[PDB]
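S.K.: So that we are looking at the same thing, I have put the structure below in structure tokens.
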Amino acid sequence: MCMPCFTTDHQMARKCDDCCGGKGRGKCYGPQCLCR
């Protein structure tokens, strides 16, 4: 995992995708952010 994600958080997904690379790249699955 690149960074910790939060299903309850809506703005968290933003970072989850960034850590993976850029806006739109990556995905938020569970407590951890999984990059597609």
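Looks like solution NMR, at least that's what the header says.
Including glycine, each Cβ sits where the backbone N, Cα and C put it.
Just lifted these from Swiss-Prot, have a look:
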DISULFID  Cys2-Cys19  disulfide bond
DISULFID  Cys5-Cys28  disulfide bond
DISULFID  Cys16-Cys33  disulfide bond
DISULFID  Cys20-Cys35  disulfide bond
S.K.: Where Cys20 (disulfide bond) and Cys2 (disulfide bond) are concerned, what is their Cα separation in Å, rounded?
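M.R.: Computed Cα spacing between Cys20 (disulfide bond) and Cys2 (disulfide bond) is 7 Å.
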S.K.: Rounded to the nearest Å, what's the C-alpha distance separating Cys33 (disulfide bond) and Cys5 (disulfide bond)? Just drop the number here, would you?
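M.R.: It is 5 Å, counting Cα to Cα.
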S.K.: When you measure from the Cβ of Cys16 (disulfide bond), how many other Cβ atoms are you left with inside 10 Å?
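M.R.: That number is 24.
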S.K.: To the nearest whole angstrom, state the Cα distance for the pair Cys19 (disulfide bond) and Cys35 (disulfide bond).
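M.R.: That separation, Cα to Cα, works out to 8 Å.
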S.K.: Could you tell me the C-alpha distance between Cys5 (disulfide bond) and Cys16 (disulfide bond) in angstrom, no decimals?
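M.R.: Spelling it out, the Cα of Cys5 (disulfide bond) and the Cα of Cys16 (disulfide bond) are 6 Å apart.
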S.K.: Under a criterion of Cβ-Cβ distance under 8 Å and sequence separation of at least 6, what residues of the same chain contact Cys28 (disulfide bond)?
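M.R.: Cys5, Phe6, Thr7, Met12, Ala13, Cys16, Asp17, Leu34 - these are the non-local Cβ neighbours of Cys28 (disulfide bond), listed in sequence order.
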S.K.: What is the total of other Cβ atoms whose distance to the Cβ of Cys5 (disulfide bond) is within 10 Å?
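M.R.: Summing over all protein chains shown, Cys5 (disulfide bond) has 21 other Cβ atoms within 10 Å.
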